[PDB]
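Trainee: Let me give you the structure first, and then I'll get to my questions.
Virtual Cβ from ideal backbone geometry, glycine too; neighbours counted across all protein chains shown. Where a number appears in this text, it was derived from the coordinates with a stated rule and is not lab data.
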Number of protein chains: 2
Amino acid sequence: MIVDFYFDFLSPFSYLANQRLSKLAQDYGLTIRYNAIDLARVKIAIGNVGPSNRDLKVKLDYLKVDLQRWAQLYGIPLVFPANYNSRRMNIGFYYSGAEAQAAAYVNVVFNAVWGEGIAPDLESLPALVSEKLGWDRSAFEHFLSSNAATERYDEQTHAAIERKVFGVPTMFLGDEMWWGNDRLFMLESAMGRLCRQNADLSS
Amino acid sequence: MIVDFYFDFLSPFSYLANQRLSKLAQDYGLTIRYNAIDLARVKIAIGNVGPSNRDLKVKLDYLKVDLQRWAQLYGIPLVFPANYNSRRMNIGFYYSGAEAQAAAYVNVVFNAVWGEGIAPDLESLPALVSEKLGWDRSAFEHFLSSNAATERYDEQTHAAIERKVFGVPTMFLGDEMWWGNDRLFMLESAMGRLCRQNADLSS
Ligand SMILES: N[C@@H](CCC(=O)N[C@@H](CS)C(=O)NCC(=O)O)C(=O)O
Ligand SMILES: N[C@@H](CCC(=O)N[C@@H](CS)C(=O)NCC(=O)O)C(=O)O
Ligand SMILES: O=C(O)C(=O)/C=C\c1ccccc1O
Ligand SMILES: O=C(O)C(=O)/C=C\c1ccccc1O
């Protein structure tokens, strides 16, 4: 069973969705196909050019509370980093190879940025993450600045826009798309339905 | 037990929240304090001046699907009206007297506009609603155009902005505020907690 997951490391609601998705991966062996994309580009593409929720103090004050409520439900910390400059770490995702290492990268980076509040553009973050994953620090840093890396990020962001993705976190199962950590319960219902039909419990 | 409910009849997510809230009122006797307010004014007040979700085709296409999914969960129809011109019906709410008649007005109008897809500025809607509620059609129509009616609507919208309301549907219980039909599960948790403490099941 395959779910396509679209996220940007600047997004705290993506941090929450990733935590929940990863527990489904580990608990039930669901296969996640990860896609790091540029939320700014995706918004611009659909004409969503007003002020961002981050720039609207009254609404942001409420979202911080919403985010703590979910973090408490999930039993994880949530700490805002100093900025939302996620480009480097987004691009870095494309260094990862197979599923296990792709998932490990996404988990380590999200935990660093939104679990601990580490700035996503911290100059030493690539080395810190490399040490964690058993990667070659210099190879990784060289990849992050390479033309090929940016091309790959641009390609995936474009493929997302073609798929009618307008925000993050976004999840697809078959032809159904859900946007929001707060729609994973619908994803889970769909997954249960397919598990039942495949077990011959339902037609 | 009192929940303050803030809505604008142009909002389909408010239609959904109202249906769910009303069933709590009827099933468990929860007291709802209704507040019809001007979403446009509340957005302008917090500086939320970009294009609205209604004007972003790609995102609207998804929201229509999200809205059908919830309508199916709740076992109710959801049909888009031809426009979002909710001012008259919003103001009309202030004709209602006590809780039962306030709730009946909000239910009838939401069912008309978002259950059946009736334009909220339909010239005959005030008469249709009056017939339903046993009101004096001419008295109601005269109220809708009165200076006092607009004053009362403006007063409530202003009180909402003071309370840090930035959108609809918004619900308060005590000092906690939740925004969205998709946060009523948190409201319900809070309500259960208070029912338990008041029953001496929890300290
Ligand atoms: N209700 C959501 C909200 C998710 C959300 O606000 N995502 C932002 C990025 S953190 C987004 O995609 N903004 C694009 C938009 O609002 O169209 C959830 O709980 O996850
Ligand atoms: N995720 C929500 C969304 C509610 C929503 O989008 N409300 C609109 C009006 S229908 C709103 O308050 N927009 C103001 C904003 O996005 O800040 C829910 O399921 O109810
Ligand atoms: O870049 C954006 O559009 C944005 O608001 C991302 C940040 C964000 C979103 C939602 C809640 C909190 C938050 O910092
Ligand atoms: O006035 C607005 O800001 C608005 O988008 C209200 C309409 C709406 C909101 C969300 C989903 C569908 C929809 O028509």
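Trainee: Is there a residue in region B:116-124 that is in a helix (DSSP H, G or I) and aliphatic (A, V, I, L, M)?
Mentor: No, because not a single residue in region B:116-124 is in a helix (DSSP H, G or I) and aliphatic (A, V, I, L, M).
Trainee: Where the second residue is within 16 Å of ligand 4 (Cβ to nearest atom) and in a helix (DSSP H, G or I) and the first is more than 16 Å from residue A:4 (Cβ to Cβ) and lies in region A:180-191, which pairs have Cβ atoms under 9 Å and are six or more apart or on separate chains?
Mentor: Sorted first by the residue in region A:180-191, then by its partner, the pairs are A:182/B:182; A:182/B:183.
Residue-by-condition table, conditions (1) hydrophobic (A, V, I, L, M, F, W, C); (2) within 16 Å of ligand 1 (Cβ to nearest atom):
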{"site": "A:107", "(1), (2)": "no, no"}
{"site": "A:118", "(1), (2)": "yes, no"}
{"site": "A:180", "(1), (2)": "no, yes"}
{"site": "A:192", "(1), (2)": "no, no"}
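Trainee: Continuing with the same structure: From the list B:80, B:93, which one is touching a helix residue (DSSP H, G or I) at 6+ places or on another chain (Cβ under 8 Å), more than 15 Å from ligand 2 (Cβ to nearest atom) and among the aromatic types (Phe, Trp, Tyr)?
Mentor: Unique residue meeting the criteria: B:93.
Trainee: Same structure again: Does residue A:79 satisfy being under 23 Å from residue A:30 (Cβ atoms), away from ligand 4 (no atom under 16 Å from the Cβ) and not hydroxyl-bearing (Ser, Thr, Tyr)?
Mentor: Judged against the criteria, residue A:79 is not a match.
Trainee: Could you count how many residues in region B:13-38 are under 25 Å from residue B:97 (Cβ atoms) and within 13 Å of ligand 4 (Cβ to nearest atom)?
Mentor: Of the residues in that region, 5 qualify.
Trainee: How many residues does region B:9-18 contain that are within 14 Å of another protein chain (Cβ to nearest Cβ) and within 23 Å of residue B:150 (Cα to Cα)?
Mentor: 0
Trainee: Let me ask you something else. Can you say whether residue B:21 is away from chain A (no Cβ under 14 Å), part of a helix (DSSP H, G or I) and closer than 30 Å to residue A:176 by Cβ, as far as the supplied structure shows?
Mentor: yes
Trainee: If a residue must be polar (S, T, N, Q) and buried (at least 17 other Cβ atoms within 10 Å of the Cβ), how many such residues does region B:39-96 contain?
Mentor: Number of matching residues: 4.
Trainee: Consider residue B:69 against the criteria (1) within 16 Å of ligand 1 (Cβ to nearest atom); (2) closer than 22 Å to residue A:50 by Cα; (3) not acidic (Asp, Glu): it satisfies all of them except one. Which criterion is unmet?
Mentor: Every listed condition holds for residue B:69 apart from (2).
Trainee: Could you list all residues from region B:188-203 that are at negative phi and more than 14 Å from chain A (Cβ to nearest Cβ)?
Mentor: B:191, B:192, B:194, B:195, B:196, B:197, B:198, B:199, B:201, B:202, B:203
Trainee: While we're on this one: Where residues in region B:151-187 are loosely packed, with under 15 Cβ neighbours inside 10 Å and assigned to a helix (DSSP H, G or I), which of them is nearest to the other protein chains (Cβ to nearest Cβ)?
Mentor: Here the answer is B:185.
Trainee: Could I ask something else about it? Listed residues A:8, A:38, A:27; which is out of contact with any helix residue (DSSP H, G or I) (no Cβ under 7 Å at 6 or more places or on another chain) and among the acidic types (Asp, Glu)?
Mentor: The match here is A:27.
Trainee: Moving on to the next point. Tell me yes or no: at least one residue of region B:129-139 is crowded, with 19+ Cβ neighbours inside 10 Å and within 27 Å of residue A:66 (Cα to Cα).
Mentor: Within region B:129-139, none of the residues are crowded, with 19+ Cβ neighbours inside 10 Å and within 27 Å of residue A:66 (Cα to Cα).
Trainee: Let me ask something else about it. Give the number of residues within region B:29-76 that are among the basic types (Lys, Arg), outside any helix (DSSP H, G or I) and either within 8 Å of chain A (Cβ to nearest Cβ) or within 14 Å of ligand 2 (Cβ to nearest atom) (or both).
Mentor: Looking only at that region, the number is 0.
Trainee: Need the failing condition index for residue B:73 against (1) on the phi > 0 side of the Ramachandran plot; (2) away from ligand 4 (no atom under 16 Å from the Cβ); (3) not hydroxyl-bearing (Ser, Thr, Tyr), just the number.
Mentor: (1)
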